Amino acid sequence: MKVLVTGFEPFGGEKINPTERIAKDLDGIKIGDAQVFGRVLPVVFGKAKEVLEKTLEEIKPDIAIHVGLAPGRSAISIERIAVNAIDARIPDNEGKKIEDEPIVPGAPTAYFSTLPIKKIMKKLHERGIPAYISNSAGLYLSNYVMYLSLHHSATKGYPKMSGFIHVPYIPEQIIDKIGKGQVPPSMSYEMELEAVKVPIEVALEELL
């Protein structure tokens, strides 16, 4: 079995993206006989699709877990649904702010994630990790990647399982916000890393 994990580079004026470190830390690990591949994606429309599709064809994973930063969110969230729409609340990293366009013209309006989301959530809770089901991944780069990955699955027959995990800010990202107004929630890096490993294990369990 092959597992792909993706993360994103820094965006939105942030110095770091904890998911870039998660992808790098998960690259090369094994869970049983399963090999994990971790790759970092650009927060850039068009370019993220090219990198994603190249990566999928290269690796042909059985399971793809895509990870993103969700600023302001207080627990791990497991995305249920990917939507065939872009409406960027902020520009991508190249200043491209796409509004009310499909991701893939003519493709289904949405795809459900094919990860065992409820079992993933249950297992995180057992591990002491706050987690819930999210019903919108936004309409920016996280959703864009989530949708393209599920579309690839529906269209190519691989990955068999695909979904998205959003993570809170890590505490060090909060320091800079304190002298500026409201203080967003955060979660320690080590818990976020473990919260990505858990979906892989649960997914590998459920597959075959």
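So that there is no doubt, residue numbering starts at 1 and follows the sequence shown.
- Annotation for 121-129 versus 88-96: the higher mean temperature factor (C-alpha) is found in 121-129.
- Mean CA B-factor, 173-181 versus 23-31: the higher value falls on 173-181.
- Set against one another, the Cα B-factors of 60, 166, 151, 54 in the record reach their highest point at 54.
- Sorting the modelled residues of the chain by their CA temperature factor places residue 5 in the lowest third.
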